[PDB]
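Line by line, the protein sequences give chains Z and V. Under the numbering used here, the residue at position 20 of the first sequence is numbered 20, and the numbers go up by one with no gaps. Offset between the second sequence (1-based) and the numbering used here: plus 100. To keep things clear, I will list the structure first and then write my remarks on it.
Protein chains: 2
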Amino acid sequence: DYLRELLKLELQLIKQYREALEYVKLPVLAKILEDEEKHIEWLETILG
Amino acid sequence: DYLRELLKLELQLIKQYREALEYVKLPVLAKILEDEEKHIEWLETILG
Ligand SMILES: [Mn+2]
Ligand SMILES: [Mn+2]
């Protein structure tokens, strides 16, 4: 579950990232997004 | 403040990351940590 909990925060994280991106074209914001998306696939992979 | 709010979630994120790392030697967990740490410096840089 610890792993679910992180998958949960990350998923909460991106949304807020994506919110900013509805409004501002800030490439560094889009670049964090991309890592978290990676970050979230590893979680899913290791959750099975 | 939107930027503070993200700096805030990230900071909340790592802690939970670091918690797992007190217990488990999972290199992929340590590798996320590292990105978020980057993720957090960009925030600080852009917060000024
Ligand atoms: Mn992440
Ligand atoms: Mn991050």
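Cβ atoms here follow ideal geometry from the backbone N, Cα and C, with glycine treated the same way.
Buried or exposed, going by whether 16 or more other CB atoms sit within 10 Å of the CB of residue i?
| i | result |
| --- | --- |
| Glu144 (chain V) | exposed |
| residue 54 (chain Z) | The displayed coordinates of chain Z run from 1 to 48. Any statement about residue 54 (chain Z) would go beyond what the structure contains. |
| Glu36 (chain Z) | buried |
Per DSSP, what kind of secondary structure is residue i in: helix, strand or coil?
| i | result |
| --- | --- |
| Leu7 (chain Z) | helix |
Would you give the residue range spanned by the alpha helix (DSSP H) that residue i belongs to?
| i | result |
| --- | --- |
| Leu129 (chain V) | 127-147 |
Could you tell me the alpha carbon to alpha carbon distance between residue i and residue j, rounded to whole angstroms?
| i | j | result |
| --- | --- | --- |
| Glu134 (chain V) | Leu3 (chain Z) | 17 Å |
| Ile14 (chain Z) | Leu129 (chain V) | 18 Å |
| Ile140 (chain V) | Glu41 (chain Z) | 21 Å |
| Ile32 (chain Z) | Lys138 (chain V) | 9 Å |
| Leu147 (chain V) | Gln12 (chain Z) | 22 Å |
| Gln116 (chain V) | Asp1 (chain Z) | 12 Å |
Residues of chain A with CB closer than 9 Å to the CB of residue i, please, in chain order.
| i | result |
| --- | --- |
| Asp135 (chain V) | Within the model displayed, chain A is absent; protein chains Z and V are what it includes. |
Cβ pair count under 8 Å reaching 3, the segment 120-133 of chain V against the segment 102-110 of chain V: no
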